[PDB]
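Asks: Got a structure for you, written out below as structure tokens; questions coming shortly.
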Amino acid sequence: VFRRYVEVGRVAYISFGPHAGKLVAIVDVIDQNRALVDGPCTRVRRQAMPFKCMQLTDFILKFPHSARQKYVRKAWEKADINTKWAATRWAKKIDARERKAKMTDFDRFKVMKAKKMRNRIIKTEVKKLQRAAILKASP
Amino acid sequence: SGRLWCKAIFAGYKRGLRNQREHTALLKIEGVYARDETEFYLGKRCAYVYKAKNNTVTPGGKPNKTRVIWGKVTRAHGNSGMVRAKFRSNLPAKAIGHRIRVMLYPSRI
Amino acid sequence: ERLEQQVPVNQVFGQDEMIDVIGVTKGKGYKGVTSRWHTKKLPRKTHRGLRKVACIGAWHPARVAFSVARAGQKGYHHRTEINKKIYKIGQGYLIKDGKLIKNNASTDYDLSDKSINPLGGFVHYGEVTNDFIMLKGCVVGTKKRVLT
Amino acid sequence: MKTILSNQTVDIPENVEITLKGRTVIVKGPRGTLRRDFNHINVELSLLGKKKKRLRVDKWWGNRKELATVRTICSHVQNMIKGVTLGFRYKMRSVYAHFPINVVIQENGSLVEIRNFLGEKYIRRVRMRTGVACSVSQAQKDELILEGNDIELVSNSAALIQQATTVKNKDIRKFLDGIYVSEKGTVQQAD
Amino acid sequence: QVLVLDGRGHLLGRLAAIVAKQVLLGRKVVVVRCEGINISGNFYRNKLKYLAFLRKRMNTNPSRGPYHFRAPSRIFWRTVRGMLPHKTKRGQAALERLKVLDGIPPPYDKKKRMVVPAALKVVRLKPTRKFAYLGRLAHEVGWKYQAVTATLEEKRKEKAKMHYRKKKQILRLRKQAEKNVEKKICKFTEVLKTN
RNA sequence: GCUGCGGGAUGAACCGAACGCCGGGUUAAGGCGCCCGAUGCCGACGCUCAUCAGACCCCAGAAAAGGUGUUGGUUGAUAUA
RNA sequence: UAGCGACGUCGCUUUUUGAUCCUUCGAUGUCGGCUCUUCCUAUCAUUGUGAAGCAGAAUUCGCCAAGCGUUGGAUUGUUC
RNA sequence: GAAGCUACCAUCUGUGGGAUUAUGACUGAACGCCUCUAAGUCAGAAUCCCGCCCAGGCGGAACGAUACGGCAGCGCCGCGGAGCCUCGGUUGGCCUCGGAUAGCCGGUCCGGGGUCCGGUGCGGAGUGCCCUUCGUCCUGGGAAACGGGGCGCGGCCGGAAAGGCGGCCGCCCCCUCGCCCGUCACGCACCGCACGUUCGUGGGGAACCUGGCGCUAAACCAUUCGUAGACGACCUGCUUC
Ligand SMILES: [Mg+2]
Ligand SMILES: [Mg+2]
Ligand SMILES: [Mg+2]
Ligand SMILES: [Mg+2]
Ligand SMILES: [Mg+2]
Ligand SMILES: [Mg+2]
Ligand SMILES: [Mg+2]
Ligand SMILES: [Mg+2]
Ligand SMILES: [Mg+2]
Ligand SMILES: [Mg+2]
Ligand SMILES: [Mg+2]
Ligand SMILES: [Mg+2]
Ligand SMILES: [Mg+2]
Ligand SMILES: [Mg+2]
Ligand SMILES: [Mg+2]
Ligand SMILES: [Mg+2]
Ligand SMILES: [Mg+2]
Ligand SMILES: [Mg+2]
Ligand SMILES: [Mg+2]
Ligand SMILES: [Mg+2]
Ligand SMILES: [Mg+2]
Ligand SMILES: [Mg+2]
């Protein structure tokens, strides 16, 4: 229960807003409704963003409270968040959504044509596995 | 084969509270629920298709019971993706809650 | 198991059993307010008659209320009476050892030959040769009327 | 003022085992087991530590009225532990100034029959809540011992017994008669 | 062409407004399991409101007056009718599109139910707020079929449990088959265009 | 009165605004959960729980007094002696 | 301060009267009594309750409370 | 003074369950203690609702009979054919419960417990299957042993809250280009245009020619009765034993 917490050094994802789709680092909490975010390596300046605007992630970084950019970027590069961000099941789903939205007509046609070949073999194998299980449970 | 138009419902004419304007009609097109999404449908032709008892001549084929009222999208309406339209003749009041097919004949993108 | 078979009343009911009677009351026809709602009669000096309701309602209900006594049909209503005690379940004309044995209405203290039907037959009703039920007090409905 | 964090820690003895599938708390001890649903509190419960197993109760962003329940939860857990370890025993003595109150148990102390209360011929039958057993103690006159595990049930049965014998249409200051809970304690001592 | 909206968890007015707006467009809406519709506020408060509504009645002839309904489906129907222009022909024609029903009948147990998050109590009311269930509120005032409703709900739930077990077994077999046929099925297009 | 029109559900005096017949755009007052056009904004801050909540000049309801129900403020007095 | 509570002061009511004359003068039949329906509560009694200078009984002050009752006559046209 | 009407002027009967108000209480913090309350529990009444009773909706179910006679007439199955009225849709989604300070999936073990994945939900409705197919023919690679449509048969009713489509097995007239990629050659190539493509063997009503299987009534009026009636209405009878 409550395995995520906001703190000095929490990397969060911006769901909506002017910087939607980018990661930021929570430097400190201001007034229990918005927090200062840095995001040095994600191409965003230091500003205050509401808590409901951001989404928490799993990674945590070691910053002193109210630290400067030259001290937060060093720890960001030490933690190496950017390269490991692609090696997760969440950024992969996000990129998958982007690709499905970027689908063109030829891409949709090719996907529709590949579904015919993919789903039918799966169905004909499920029809065999079900009968195998029935024959196993028969005696 | 297959449908070549978008689906839209006729909710009512352009109106205030104690008066109506039958020259302009409002359309709720399916799939559009925001103001930033209705810019694609601006200028698209619209057709209210119904059936009568007396068959009339059609541009292609034998006469049919089908009768269509033509119009087109004029501008947007509100922030909920609703759109406006103006037809050659005003829509009958019985068409409220029915379907006007939005064609794609005027193409820009 | 009991389809297409007869059911006596002694199998369904017993003695000293409180019972409910459902029936239709005596039809009396179109009756006035004094006969249907028992409204007090107006004095003799009144014009337009006596056996009426002097006041229907006030000025501003704008209508006649449903609770005002009105002259209409009285009687022949579906009624139910509760807490009716059963006194006797009797039957007669059973066997032919005695050529015609009734033995009805003969208590263990009386021990005299008698029957249920009175001396001279029932009024507006024939014989009660079949088995009968003897209830306390009066019961709704006219003579020879079906009751449940 | 939307306090950030409010935490309360409760210690747990070695005899009793406590578990949580959520807000539900189940305590298993030497005498029976207790289980309570806290779905109407909206507060975090977490057990931590090996061979100690302390239970912490955490509330985040609670008002002045919501920060009060974090102590009531710990008090309820303490009462559950106390009842599953030692149990709750209420001694209720009956004041019978003139008419002697004749109390009897009907079925394993689950039903109390009271006769001759202020001379009335009415027979007052009060059933106990499940898990509470009542008896007539010895070496003392006109008393009833009510023993159980759940305090909210033992005290409820005691209050039912006390309210069953209530004067009506008379003076309350005068006519001091009825069964009143004199003593409240545990079944097991030395704890 | 129909919208089978579940009833449990949704607030009375918050759901009825959406249904009344969607019916005037032409979509045939069927609200299923109306006995679970929650109502904000204290249960005693809602009971007092309903009793004050019951007190209102024509004096001269109560039969020819306000018809108070006791079933929760009929309560929701009257709530939607209060927003629909039922005195006009448009509202009269739209009133048949709405089908409020208690429980989940045979014609609708097999259909998948929809949930409107704009009327859900979880997002509408704070977790500390009191709410009242329409089923209990109606049963406390002149409703008699709560027991049989609960019994039939238990029956259909015990049936849907076995149906879901069968569906889950089918899904497990499908995943096993997908893992089994690794060769002969490349489908790099499916991964490059992300399903 | 001599005066229509848009809002105040309703209306003589209120708020805008004054009037030939029309098409397009905008707006005043007012409003955007459904009746009924528009917030279906991933709106902001904070207050409020009533077993008689509250919801917009005229306008259609209320006082003195009180609350250890909460939420802010002021003057003060005590406490590692 | 159980029960009252002066000197002062703040409210509700149109079951009294009074102030104005807004609708009614080509008419709204203007006292009382009889019969009958419904509603209100500021409760006389009855159901369940709290407080007394409530020992019991009989009483007095309130609370949720209009479901059920609140009569028969002498004189008066009388309301009273 | 019969019968009938009638009298508190004679006689019989008039009934209980729930949530709760006022109030008294349990556990219990706020506020180290106390507190019926702040979250949660208990008892609770001429009041509220229902139970009993009264009438049953432009409310619906279960069952019986469904038109002889001499040509008729009307139902069920399988049907080919024409015309008329209506208004609406342009793929269908065949389903666990339940919470939101928690839950989903997978599972060795003893319905629950433990462990392992997923968790701004991907075994996800911002979802998934059928799918975006103009048709015919020759010929190659992958997949396919269920075959693939059913005017076809048998076994189960699978499911009663308002049920009828789907699955399995045995055959039937037969079938390995029905799917994906490649290949030679054709077809309304109508000459830039709208109401096109769909659940339509849509709903309803009157008849026409043809096959097979079955049916041979009941209401109202008249008459009679009075347990009922202002008139209607309502309760009843007819057989030649
Ligand atoms: Mg007669
Ligand atoms: Mg005279
Ligand atoms: Mg006394
Ligand atoms: Mg009723
Ligand atoms: Mg003048
Ligand atoms: Mg002028
Ligand atoms: Mg003017
Ligand atoms: Mg106006
Ligand atoms: Mg001004
Ligand atoms: Mg002005
Ligand atoms: Mg204009
Ligand atoms: Mg404005
Ligand atoms: Mg609107
Ligand atoms: Mg107030
Ligand atoms: Mg107003
Ligand atoms: Mg006024
Ligand atoms: Mg005057
Ligand atoms: Mg006159
Ligand atoms: Mg008059
Ligand atoms: Mg009364
Ligand atoms: Mg009488
Ligand atoms: Mg209380």
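The numbers used for chain C are those of Swiss-Prot, and the residues that appear cover 199-346, in sequence.
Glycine residues also receive a Cβ, built from the backbone N, Cα and C atoms like all the rest.
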Asks: Which candidate in C:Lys282, C:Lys286, C:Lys297 appears in Swiss-Prot with the annotation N6-acetyllysine?
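Replies: Record annotation (Swiss-Prot, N6-acetyllysine): C:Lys286.
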Asks: I'd like the number of other C-beta atoms within 10 A of the C-beta of C:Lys224 (SUMO2 cross-link), please.
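Replies: I count 13 other Cβ atoms within 10 Å of it.
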Asks: Sort the recorded positions C:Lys224, C:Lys226, C:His245, C:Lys286, C:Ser304 by C-alpha distance from C:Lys294 (SUMO1 cross-link) and give me just the closest.
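Replies: So, spelling it out, the nearest of the recorded positions is C:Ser304.
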Asks: I'd like the Cβ neighbour count for C:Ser304 (phosphoserine), meaning other Cβ atoms within 10 Å of its Cβ, all protein chains included.
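Replies: Looking across every protein chain shown, the total is 15.
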Asks: Given a separation of at least six residues and a C-beta threshold under 8 Å, show me what packs close to C:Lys286 (SUMO2 cross-link) in the same chain.
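Replies: Residues satisfying the criterion: C:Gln213, C:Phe330, C:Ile331, C:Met332.
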Asks: In terms of DSSP three-state secondary structure, what is the assignment for C:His245 (tele-methylhistidine)?
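Replies: Assignment for C:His245 (tele-methylhistidine) reads coil.
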Asks: Measure from the CA atom of C:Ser304 (phosphoserine) to the CA atom of C:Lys224 (SUMO2 cross-link) and give the result in Å, rounded to a whole number.
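Replies: C:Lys224 (SUMO2 cross-link) and C:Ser304 (phosphoserine) have their Cα atoms 32 Å apart.
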